[PDB]
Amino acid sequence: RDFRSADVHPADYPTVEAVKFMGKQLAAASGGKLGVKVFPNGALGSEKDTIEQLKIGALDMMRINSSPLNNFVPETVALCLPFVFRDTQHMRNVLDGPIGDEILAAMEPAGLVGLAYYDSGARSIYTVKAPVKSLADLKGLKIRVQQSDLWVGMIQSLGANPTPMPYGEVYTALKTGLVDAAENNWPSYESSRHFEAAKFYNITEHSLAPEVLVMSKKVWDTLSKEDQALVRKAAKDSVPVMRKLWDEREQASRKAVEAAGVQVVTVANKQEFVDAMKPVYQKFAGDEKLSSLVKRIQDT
């Protein structure tokens, strides 16, 4: 039995290679009983589409960002907040530990079973027309965001105007002037070709929202207890493999887009951004559940 697993990214991308590795491990560990087959390039739909398919049992697995789950699984908000993670190592400690496992389990009420997290670096704003040197340069800018209430709030808090849309629609939106900007990590900015539409990469590092690898709960529940354990272990084993590929890809991608003429822009005073964005903590992570998760993250 091969689980069909979706990804928006190309076949060579670290998140796709990681799930392929999970598939190899799972096939071996299960003596051929279980496996994974990956469907890259967004063939099976946008990330929101694949959430819908998992919910109804029409798709077995997806590798998506945690952000489009914000509206479905409130606990994922804690991972996506601005400046909630100090750095990569902080994030990895949190996600690998009990807090990460708790948020994966909290998906079950939505008909989803979280299996593992993959890294997504830090997201930064890239613009078409001009550099962003400070908070003021974002005023009134049309900035694409993922389909998340939190993210709409995050961009509004920067004095800019959010347009939620699926990843695959972003390139043409930048090229045709529908939006002025979007935001993402280095490998996405490269692989999407957004760097060819928006040549200013302004290092804001305003979120470290990670990826999640998720199974349809309906499919999960057809598995034996023992098969479930194998599936989890294969998924977890693929995380360090993903990270080795990812950290290398961040460097390769930055080098490539600089070679293509991208202007890498420094924002001198990030504290401006931290203070501007802080209100979303109470607006979106202010209830008992979320505020507790946020505290425990900060304390790691």
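So that there is no doubt, residue numbering starts at 1 and follows the sequence shown.
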Greater mean Cα temperature factor according to the PDB record, 267-275 or 252-260:
267-275
If you take the mean CA temperature factor per stretch, which one wins between 134-142 and 216-224?
134-142
Residue set 120, 191, 204, 156, per-entry CA B-factor max assigned to 156
The residue of 147, 93, 184, 172 with the maximal C-alpha B-factor according to the PDB record is 93
Chain-wide C-alpha B factor ranking for residue 57, given as lowest, middle or highest third
middle
Where does the C-alpha B-factor of residue 292 rank in its chain, lowest, middle or highest third?
highest
Report the third (lowest, middle or highest) to which the CA temperature factor of residue 25 belongs, ranking only the modelled residues of the same chain.
middle
Would you mind checking where the Cα B-factor of residue 211 ranks among the modelled residues of its chain, as the lowest, middle or highest third?
lowest
Just say lowest, middle or highest third for the CA B-factor of residue 83 relative to the other modelled residues in its chain.
middle
